[PDB]
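J.: Based on what follows, work out the 3D shape:
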Amino acid sequence: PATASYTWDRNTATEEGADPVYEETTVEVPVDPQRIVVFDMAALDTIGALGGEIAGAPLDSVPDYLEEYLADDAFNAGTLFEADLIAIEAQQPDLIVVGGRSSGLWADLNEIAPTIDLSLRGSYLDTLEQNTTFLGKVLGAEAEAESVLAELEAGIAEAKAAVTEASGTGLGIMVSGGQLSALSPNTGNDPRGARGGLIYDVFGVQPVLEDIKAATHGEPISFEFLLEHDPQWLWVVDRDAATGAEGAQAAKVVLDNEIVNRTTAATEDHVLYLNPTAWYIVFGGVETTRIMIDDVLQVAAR
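T.: Residues are numbered from 1 along each chain as shown. Below is the structure in question.
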């Protein structure tokens, strides 16, 4: 009937737009927990992949590829941002897992049952390894955790090889509301920007500019930006697809314009679309990382 001690540097800020202030926190998590409530899809992902089952979750947000890991009678815990604390309290969970968008809900949830925050810390890759190992200990699935990490390391290396063999320069963009935002390699340990940098930081695409963030100003880029710097490969994340934005046109059609069609990437069939839900909503987790690996491996085929 053991517990496992979890200690991390918690962002005490509740807005995710606020300058973080980190404070070390420890929580005693029960081993082999029997009613887990998860708000962070990436933790939901990994818990499923190690053989677990989710008892409660923001159901309206669970991606179809993770739907299978819900309990047959799983209850709705809230949304990605907000908790139904009366429902949850009634449901008497024994472990609650929070992260990212739900990071701020930590203190309220922890009053109900031991809650851990598996927000991204530092490296996407460091987070993948730590969270998966830890959850392994919680679920009594240490062997499975060792195994999926081995698989994921081999898959990631496979994709990096594919990217290297494609060579060239690349640019990651995120389309939202007909607008374009340049993705940039993550500079610093700032975990706000780890997601954008994934394509460069984990998979090794060489950036079209040695300092994209600089040239970008932080402001959206024009179609003319693509044409100017003309990356060999263009990696596209349709953010509106992932968030359920109404009246939004698909990334594909947004990029179907006289300017972009003159781009090297377009004329050479070097525009690759990444899975919006995986790359933008979930961003972490075992099955999600596999989806990423398959997405990157598309360069091999072009």
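J.: surely residue 302 meets residue 273?
T.: No - Residue 302 is beyond contact range of residue 273, at 12.0 Å (criterion: CB atoms under 8 Å). In short, each C-beta sits where N, CA and C put it, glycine included.
J.: Counting neighbours, go ahead and name the busier of those two.
T.: Neighbour totals were compared for residue 302 and residue 273, and residue 273 leads with 19 against 11 (other CB atoms under 10 Å).
J.: Quick check: bridge partners of the closest residue to that one other than its chain neighbours?
T.: With sequence-adjacent residues excluded and distances taken as CB to CB, 6 or more residues apart in numbering, residue 273 is closest to residue 236, at 5.0 Å. With DSSP bridges applied, the residues forming beta bridges to residue 236 are residue 173, residue 273.
J.: Look up how far residue 172 lies from residue 236.
T.: Counting by CB to CB, to the nearest Å, the gap between residue 236 and residue 172 amounts to 8 Å.
J.: Between these two, which has more neighbouring residues?
T.: Neighbours per residue, other CB under 10 Å: of residue 236 and residue 172, the larger number sits with residue 172, 28 against 23.
J.: Setting the sequence-adjacent residues aside, check what's closest to the more buried one.
T.: residue 183 (3.3 Å).
J.: Test my guess that that neighbour contacts residue 197.
T.: Yes - with contact defined as CB under 8 Å, residue 183 and residue 197 form a contacting pair (6.9 Å).
J.: higher neighbour count, these two?
T.: Neighbours per residue, other CB under 10 Å: of residue 183 and residue 197, the larger number sits with residue 183, 26 against 20.
J.: ok, now which ones touch residue 184?
T.: Residue 184 is in contact with 193, 196-197, 200, 207, 212-213, 216, counting by CB atoms under 8 Å, 6 or more residues apart in numbering.
J.: Does residue 164 belong to a helix, a strand or coil?
T.: Three-state call for residue 164 (DSSP: H, G, I helix; E, B strand; the rest coil): helix.
J.: With adjacent residues omitted, what lies nearest to it?
T.: If you skip the residues right next to it in sequence, residue 164 has residue 204 as its closest partner in space, 6.5 Å away by CB to CB, 6+ apart.
J.: That neighbour: helix or strand, and which one exactly?
T.: When secondary structure is defined by DSSP states H and E, residue 204 falls outside every helix and strand.
J.: how much space between it and residue 249?
T.: When distances are taken as CB to CB, residue 204 and residue 249 turn out to be 31 Å apart.
J.: which of the two has more neighbours?
T.: With neighbours defined as other CB under 10 Å, residue 204 and residue 249 compare such that residue 204 has more, 17 against 13.
J.: So which residues of the protein form strands?
T.: In order along the chain, the chain carries the following strands (DSSP state E): 3-11, 22-30, 36-38, 54-57, 70-76, 95-98, 115-117, 170-176, 179-182, 233-238, 271-274.
J.: Most tightly packed of those?
T.: Of all those, strand 36-38 has the most neighbours on average by mean count of other CB atoms under 10 Å, namely a mean of 29.
J.: Residues contacting that one, please?
T.: Applying CB under 8 Å, 6+ apart, the external contacts of strand 36-38 come out as 44, 47, 52-57, 77, 88, 91, 93-97, 109, 113.
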